[PDB]
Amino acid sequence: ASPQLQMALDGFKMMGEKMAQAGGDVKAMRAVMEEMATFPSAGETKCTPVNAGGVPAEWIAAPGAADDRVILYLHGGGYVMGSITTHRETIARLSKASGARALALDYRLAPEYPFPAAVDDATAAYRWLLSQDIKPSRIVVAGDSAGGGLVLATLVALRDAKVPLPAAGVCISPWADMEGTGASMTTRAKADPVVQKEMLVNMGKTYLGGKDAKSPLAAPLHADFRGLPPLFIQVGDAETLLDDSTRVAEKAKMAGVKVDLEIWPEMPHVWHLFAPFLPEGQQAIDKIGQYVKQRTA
């Protein structure tokens, strides 16, 4: 609302500053994000670890979510950090709001497993879902920041490989440009308390392992969008990644894709994560909820 928004902004502002303090050290960075993670929904949420075609994963089901309606969820963390643990609360709420069971992927991360390890797990995971006899028309592939990028990458890979595509793709504050050439990397630098050009390019370099920064599957800004299923893109105005969402939305419509873009005024990066006390976070999760139903009916 705003004393709520201002809690969340100082929230990231502190996350943002412990980030800097970890330096290049990736164990530290991982701990900064894991320390912010709580799971207040745990008590009423069913969690079942599972191997998703060789990808460590977890079924996350809010009460009376359908077995046969499925979100394949791809967590953010710059392709170097995050885990089922950091995003578990958001996924549970998306499950509730959508009446769908989530498969939350623990996909391999950089520097240990650089690009395209993440993409191969996502695709492996999706192909596993089809193997379990879940209809493609009952699945949506959803993710935030890096994982929002990985949603586009994944759909592109799947379409290349000629695998039945899913009912839609949901991108929260997606990261699609590895070089940070977006206008918003300057016009939203003041407003954004955590994502900045330098730290993001550095995280990109780590993901790429010296491979080409314009590789479609790593930087889906530069990917071919023709034939992808409907895309839902939520992004905040107070985001250096605003123009990853604006440019992807423009390019996909031009390619004939059905896109819905929401630019949430004053909201910061993956504001969904502050859902428990930030009304906009839960509002944004309820909109995704409805989208998944109107797409999987």
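Residue positions are given as counts along the sequence shown, with the first one as 1.
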Higher mean Cα B-factor in the deposited model: 124-132 or 142-150?
124-132
Test of understanding: from the entry's C-alpha B-factors, which stretch has the higher mean, 194-202 or 78-86?
194-202
Comparing C-alpha B-factors across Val270, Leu242, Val26, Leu261 in this entry, the winner is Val26
Rank-wise, by C-alpha B-factor, drop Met33 into the lowest, middle or highest third of its chain.
highest
Sorting by Cα B-factor within the chain, modelled residues only, which third would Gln282 end up in: lowest, middle or highest?
lowest
Splitting the chain's C-alpha B-factors into thirds, which one does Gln234 fall into?
lowest
B-factor third for the C-alpha atom of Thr48 within its chain:
middle
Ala255: CA B-factor among chain residues, third -> middle
